[PDB]
>>> print(open('input_32.pdb').read())   # PDB, C-alpha atoms
MODEL        1
ATOM      1  CA  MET D   1       2.627 100.396 145.077  1.00  0.00           C
ATOM      2  CA  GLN D   2       2.465 103.921 146.500  1.00  0.00           C
ATOM      3  CA  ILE D   3       0.125 105.305 149.158  1.00  0.00           C
ATOM      4  CA  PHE D   4      -1.281 108.745 149.966  1.00  0.00           C
ATOM      5  CA  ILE D   5      -0.264 110.579 153.138  1.00  0.00           C
ATOM      6  CA  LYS D   6      -1.630 113.818 154.588  1.00  0.00           C
ATOM      7  CA  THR D   7      -0.372 116.108 157.352  1.00  0.00           C
ATOM      8  CA  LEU D   8      -2.092 118.418 159.836  1.00  0.00           C
ATOM      9  CA  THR D   9      -1.363 121.270 157.429  1.00  0.00           C
ATOM     10  CA  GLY D  10      -3.219 119.445 154.673  1.00  0.00           C
ATOM     11  CA  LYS D  11      -0.080 118.722 152.663  1.00  0.00           C
ATOM     12  CA  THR D  12       0.026 115.879 150.139  1.00  0.00           C
ATOM     13  CA  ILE D  13       2.877 113.413 150.641  1.00  0.00           C
ATOM     14  CA  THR D  14       3.198 110.332 148.436  1.00  0.00           C
ATOM     15  CA  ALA D  15       6.241 108.064 148.191  1.00  0.00           C
ATOM     16  CA  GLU D  16       6.906 104.340 147.799  1.00  0.00           C
ATOM     17  CA  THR D  17       8.732 102.524 150.598  1.00  0.00           C
ATOM     18  CA  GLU D  18      10.237  99.096 151.265  1.00  0.00           C
ATOM     19  CA  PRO D  19       8.325  96.239 152.947  1.00  0.00           C
ATOM     20  CA  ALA D  20      11.193  95.971 155.430  1.00  0.00           C
ATOM     21  CA  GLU D  21      11.509  99.668 156.265  1.00  0.00           C
ATOM     22  CA  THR D  22       8.106 101.277 155.722  1.00  0.00           C
ATOM     23  CA  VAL D  23       8.004 103.386 158.885  1.00  0.00           C
ATOM     24  CA  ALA D  24      11.766 103.816 159.230  1.00  0.00           C
ATOM     25  CA  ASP D  25      11.811 105.218 155.695  1.00  0.00           C
ATOM     26  CA  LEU D  26       9.179 107.872 156.403  1.00  0.00           C
ATOM     27  CA  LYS D  27      10.815 108.558 159.768  1.00  0.00           C
ATOM     28  CA  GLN D  28      14.282 109.176 158.331  1.00  0.00           C
ATOM     29  CA  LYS D  29      13.021 110.853 155.157  1.00  0.00           C
ATOM     30  CA  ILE D  30      10.949 113.347 157.147  1.00  0.00           C
ATOM     31  CA  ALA D  31      13.622 113.590 159.839  1.00  0.00           C
ATOM     32  CA  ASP D  32      16.197 115.028 157.437  1.00  0.00           C
ATOM     33  CA  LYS D  33      13.460 116.892 155.564  1.00  0.00           C
ATOM     34  CA  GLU D  34      12.370 118.833 158.650  1.00  0.00           C
ATOM     35  CA  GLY D  35      15.789 118.677 160.281  1.00  0.00           C
ATOM     36  CA  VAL D  36      14.458 116.800 163.302  1.00  0.00           C
ATOM     37  CA  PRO D  37      15.255 113.377 164.815  1.00  0.00           C
ATOM     38  CA  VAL D  38      13.047 110.376 164.052  1.00  0.00           C
ATOM     39  CA  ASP D  39      12.299 110.324 167.779  1.00  0.00           C
ATOM     40  CA  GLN D  40      10.086 113.355 167.153  1.00  0.00           C
ATOM     41  CA  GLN D  41       8.577 111.949 163.957  1.00  0.00           C
ATOM     42  CA  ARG D  42       5.913 109.261 164.325  1.00  0.00           C
ATOM     43  CA  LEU D  43       3.384 107.633 161.995  1.00  0.00           C
ATOM     44  CA  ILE D  44      -0.262 106.980 162.859  1.00  0.00           C
ATOM     45  CA  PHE D  45      -3.074 105.244 160.977  1.00  0.00           C
ATOM     46  CA  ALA D  46      -6.655 105.994 162.022  1.00  0.00           C
ATOM     47  CA  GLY D  47      -5.355 106.159 165.580  1.00  0.00           C
ATOM     48  CA  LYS D  48      -2.956 103.242 165.197  1.00  0.00           C
ATOM     49  CA  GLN D  49       0.638 103.681 166.362  1.00  0.00           C
ATOM     50  CA  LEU D  50       3.050 102.215 163.812  1.00  0.00           C
ATOM     51  CA  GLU D  51       6.519 101.071 164.874  1.00  0.00           C
ATOM     52  CA  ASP D  52       9.718 100.517 162.893  1.00  0.00           C
ATOM     53  CA  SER D  53       8.800  96.827 163.005  1.00  0.00           C
ATOM     54  CA  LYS D  54       5.564  97.521 161.131  1.00  0.00           C
ATOM     55  CA  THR D  55       4.750  98.097 157.461  1.00  0.00           C
ATOM     56  CA  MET D  56       1.800  98.712 155.141  1.00  0.00           C
ATOM     57  CA  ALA D  57       1.730  94.993 154.343  1.00  0.00           C
ATOM     58  CA  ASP D  58       1.552  94.280 158.075  1.00  0.00           C
ATOM     59  CA  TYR D  59      -1.493  96.496 158.610  1.00  0.00           C
ATOM     60  CA  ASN D  60      -2.903  95.314 155.280  1.00  0.00           C
ATOM     61  CA  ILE D  61      -3.292  98.983 154.357  1.00  0.00           C
ATOM     62  CA  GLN D  62      -2.804  99.874 150.692  1.00  0.00           C
ATOM     63  CA  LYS D  63      -4.476 101.269 147.573  1.00  0.00           C
ATOM     64  CA  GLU D  64      -4.645 105.005 148.272  1.00  0.00           C
ATOM     65  CA  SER D  65      -4.373 104.124 151.963  1.00  0.00           C
ATOM     66  CA  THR D  66      -4.828 107.224 154.117  1.00  0.00           C
ATOM     67  CA  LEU D  67      -2.002 107.962 156.553  1.00  0.00           C
ATOM     68  CA  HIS D  68      -1.262 110.651 159.139  1.00  0.00           C
ATOM     69  CA  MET D  69       2.001 112.579 159.467  1.00  0.00           C
ATOM     70  CA  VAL D  70       2.875 114.548 162.603  1.00  0.00           C
ATOM     71  CA  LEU D  71       5.972 116.743 162.844  1.00  0.00           C
ATOM     72  CA  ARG D  72       7.207 118.542 165.959  1.00  0.00           C
ATOM     73  CA  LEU D  73      10.150 120.899 166.469  1.00  0.00           C
ATOM     74  CA  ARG D  74      12.870 120.075 168.996  1.00  0.00           C
ATOM     75  CA  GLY D  75      13.188 122.070 172.206  1.00  0.00           C
ATOM     76  CA  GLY D  76      15.833 120.952 174.671  1.00  0.00           C
TER      77      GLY D  76
ENDMDL
END
>>> encode(input="input_32.pdb", output="structure tokens")
Amino acid sequence: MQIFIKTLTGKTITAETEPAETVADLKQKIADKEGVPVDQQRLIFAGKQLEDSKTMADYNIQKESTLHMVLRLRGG
């Protein structure tokens, strides 16, 4: 039950997450991966803002579901 995620750079990111922490997982995973706080990392689906209280099952998005990953450096 894994999905496909792509970034602005065209990178391919694919990893399975929990139905209870779908966004939080990608937020923390990428947070420590880029060295930035989850506050700077957000997930969007076709223009849909996903919150920590939302998951793939919630948006009924699966099966090679396309996702968007945006990363920004801290400055302050």
>>> atom_distance(input="input_32.pdb", atom1="CA of residue 46 (chain D)", atom2="CA of residue 66 (chain D)")
8.2 Å
>>> resolve_selection(input="input_32.pdb", expression="the PyMOL selection byres ((chain D and resi 27) around 12)", output="count of residues only")
30
>>> atom_distance(input="input_32.pdb", atom1="CA of residue 59 (chain D)", atom2="CA of residue 7 (chain D)")
19.7 Å
>>> atom_distance(input="input_32.pdb", atom1="CA of residue 10 (chain D)", atom2="CA of residue 64 (chain D)")
15.9 Å
>>> resolve_selection(input="input_32.pdb", expression="the PyMOL selection byres ((chain D and resi 16) around 8)", output="ChimeraX atom specification")
/D:1-3,14-15,17-18
>>> write_last_selection(input="input_32.pdb", atoms="C-alpha atoms", output="PDB file, in the coordinates of the input")
ATOM      1  CA  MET D   1       2.627 100.396 145.077  1.00  0.00           C
ATOM      2  CA  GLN D   2       2.465 103.921 146.500  1.00  0.00           C
ATOM      3  CA  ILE D   3       0.125 105.305 149.158  1.00  0.00           C
ATOM      4  CA  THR D  14       3.198 110.332 148.436  1.00  0.00           C
ATOM      5  CA  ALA D  15       6.241 108.064 148.191  1.00  0.00           C
ATOM      6  CA  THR D  17       8.732 102.524 150.598  1.00  0.00           C
ATOM      7  CA  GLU D  18      10.237  99.096 151.265  1.00  0.00           C
TER       8      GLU D  18
END
>>> closest_residue(input="input_32.pdb", among="D:60, D:55, D:49, D:65", to="residue 4 (chain D)", atoms="only C-alpha atoms")
D:65
>>> closest_residue(input="input_32.pdb", among="D:73, D:20, D:8, D:67", to="residue 54 (chain D)", atoms="only C-alpha atoms")
D:20
>>> closest_residue(input="input_32.pdb", among="D:68, D:62, D:76, D:11", to="residue 47 (chain D)", atoms="all atoms listed in the file")
D:68
>>> closest_residue(input="input_32.pdb", among="D:63, D:53, D:72, D:19", to="residue 5 (chain D)", atoms="only C-alpha atoms")
D:63
>>> decode(input="input_32.pdb", residues="region 18-51 of chain D", atoms="N, CA, C and O atoms", output="compact mmCIF listing (two decimals), in the first residue's frame")
# COMPACT_ATOMS: atom_id res chain seq x y z
N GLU D 18 1.47 5.21 7.89
CA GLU D 18 0.38 4.70 8.70
C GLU D 18 -0.90 5.49 8.45
O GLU D 18 -0.87 6.68 8.13
N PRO D 19 -2.05 4.82 8.61
CA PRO D 19 -3.37 5.45 8.41
C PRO D 19 -3.70 6.47 9.49
O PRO D 19 -4.68 7.20 9.39
N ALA D 20 -2.87 6.50 10.53
CA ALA D 20 -3.07 7.44 11.64
C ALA D 20 -2.13 8.62 11.53
O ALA D 20 -2.42 9.71 12.03
N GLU D 21 -0.98 8.41 10.89
CA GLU D 21 0.01 9.46 10.73
C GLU D 21 0.57 9.47 9.30
O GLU D 21 1.75 9.21 9.09
N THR D 22 -0.29 9.76 8.34
CA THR D 22 0.11 9.80 6.94
C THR D 22 0.90 11.06 6.63
O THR D 22 2.00 10.99 6.07
N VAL D 23 0.34 12.21 6.99
CA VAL D 23 1.00 13.49 6.75
C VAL D 23 2.14 13.71 7.74
O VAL D 23 3.24 14.10 7.35
N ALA D 24 1.86 13.47 9.02
CA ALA D 24 2.87 13.64 10.06
C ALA D 24 4.13 12.85 9.74
O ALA D 24 5.24 13.30 10.02
N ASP D 25 3.95 11.67 9.16
CA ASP D 25 5.08 10.82 8.81
C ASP D 25 5.96 11.48 7.75
O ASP D 25 7.18 11.57 7.91
N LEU D 26 5.33 11.95 6.68
CA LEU D 26 6.06 12.61 5.60
C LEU D 26 6.63 13.95 6.06
O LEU D 26 7.67 14.39 5.57
N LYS D 27 5.96 14.58 7.02
CA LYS D 27 6.40 15.86 7.55
C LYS D 27 7.67 15.69 8.39
O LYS D 27 8.63 16.44 8.23
N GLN D 28 7.66 14.70 9.28
CA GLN D 28 8.80 14.43 10.14
C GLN D 28 9.94 13.81 9.34
O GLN D 28 11.10 14.19 9.49
N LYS D 29 9.61 12.83 8.50
CA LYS D 29 10.60 12.15 7.68
C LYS D 29 11.39 13.15 6.84
O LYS D 29 12.62 13.12 6.82
N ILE D 30 10.68 14.04 6.15
CA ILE D 30 11.32 15.04 5.32
C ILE D 30 11.97 16.13 6.16
O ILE D 30 12.99 16.70 5.78
N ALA D 31 11.38 16.41 7.32
CA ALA D 31 11.91 17.42 8.23
C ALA D 31 13.35 17.11 8.62
O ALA D 31 14.23 17.96 8.52
N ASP D 32 13.58 15.88 9.07
CA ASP D 32 14.91 15.45 9.49
C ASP D 32 15.79 15.17 8.27
O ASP D 32 17.02 15.23 8.35
N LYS D 33 15.15 14.86 7.15
CA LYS D 33 15.88 14.57 5.92
C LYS D 33 16.49 15.84 5.34
O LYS D 33 17.62 15.82 4.84
N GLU D 34 15.75 16.94 5.40
CA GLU D 34 16.23 18.22 4.88
C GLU D 34 16.82 19.07 6.00
O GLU D 34 17.48 20.08 5.75
N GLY D 35 16.57 18.66 7.24
CA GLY D 35 17.09 19.40 8.38
C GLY D 35 16.23 20.61 8.72
O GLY D 35 16.70 21.55 9.37
N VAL D 36 14.98 20.59 8.28
CA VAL D 36 14.06 21.69 8.54
C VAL D 36 12.85 21.22 9.33
O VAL D 36 12.48 20.05 9.31
N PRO D 37 12.21 22.16 10.05
CA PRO D 37 11.03 21.86 10.86
C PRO D 37 9.80 21.54 10.01
O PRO D 37 9.65 22.06 8.90
N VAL D 38 8.93 20.69 10.54
CA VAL D 38 7.72 20.30 9.82
C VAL D 38 6.88 21.52 9.47
O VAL D 38 6.08 21.49 8.53
N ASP D 39 7.06 22.60 10.22
CA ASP D 39 6.32 23.83 9.98
C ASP D 39 6.61 24.38 8.59
O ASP D 39 5.80 25.12 8.02
N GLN D 40 7.77 24.02 8.05
CA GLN D 40 8.17 24.48 6.72
C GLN D 40 7.81 23.44 5.66
O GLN D 40 7.78 23.75 4.47
N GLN D 41 7.56 22.21 6.10
CA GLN D 41 7.21 21.13 5.19
C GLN D 41 5.70 20.88 5.18
O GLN D 41 5.11 20.61 6.22
N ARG D 42 5.10 20.98 4.00
CA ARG D 42 3.66 20.77 3.86
C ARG D 42 3.35 19.87 2.67
O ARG D 42 4.11 19.82 1.70
N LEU D 43 2.24 19.15 2.75
CA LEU D 43 1.84 18.25 1.68
C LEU D 43 0.60 18.78 0.96
O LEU D 43 -0.33 19.27 1.59
N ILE D 44 0.61 18.67 -0.37
CA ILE D 44 -0.51 19.14 -1.18
C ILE D 44 -0.89 18.11 -2.24
O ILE D 44 -0.02 17.47 -2.83
N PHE D 45 -2.18 17.96 -2.48
CA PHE D 45 -2.67 17.02 -3.48
C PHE D 45 -3.58 17.71 -4.49
O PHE D 45 -4.72 18.07 -4.18
N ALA D 46 -3.07 17.90 -5.70
CA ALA D 46 -3.84 18.55 -6.76
C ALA D 46 -4.41 19.88 -6.28
O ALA D 46 -5.49 20.30 -6.71
N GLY D 47 -3.68 20.55 -5.39
CA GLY D 47 -4.14 21.83 -4.87
C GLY D 47 -4.94 21.68 -3.59
O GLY D 47 -5.66 22.60 -3.19
N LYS D 48 -4.81 20.53 -2.94
CA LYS D 48 -5.53 20.26 -1.70
C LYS D 48 -4.57 20.23 -0.52
O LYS D 48 -3.65 19.42 -0.47
N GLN D 49 -4.80 21.13 0.44
CA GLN D 49 -3.95 21.20 1.63
C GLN D 49 -4.28 20.08 2.60
O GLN D 49 -5.41 19.98 3.10
N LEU D 50 -3.30 19.23 2.88
CA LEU D 50 -3.48 18.11 3.80
C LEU D 50 -2.93 18.44 5.18
O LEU D 50 -1.81 18.94 5.30
N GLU D 51 -3.71 18.15 6.21
CA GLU D 51 -3.30 18.42 7.58
C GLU D 51 -2.90 17.12 8.29
O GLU D 51 -3.13 16.03 7.78
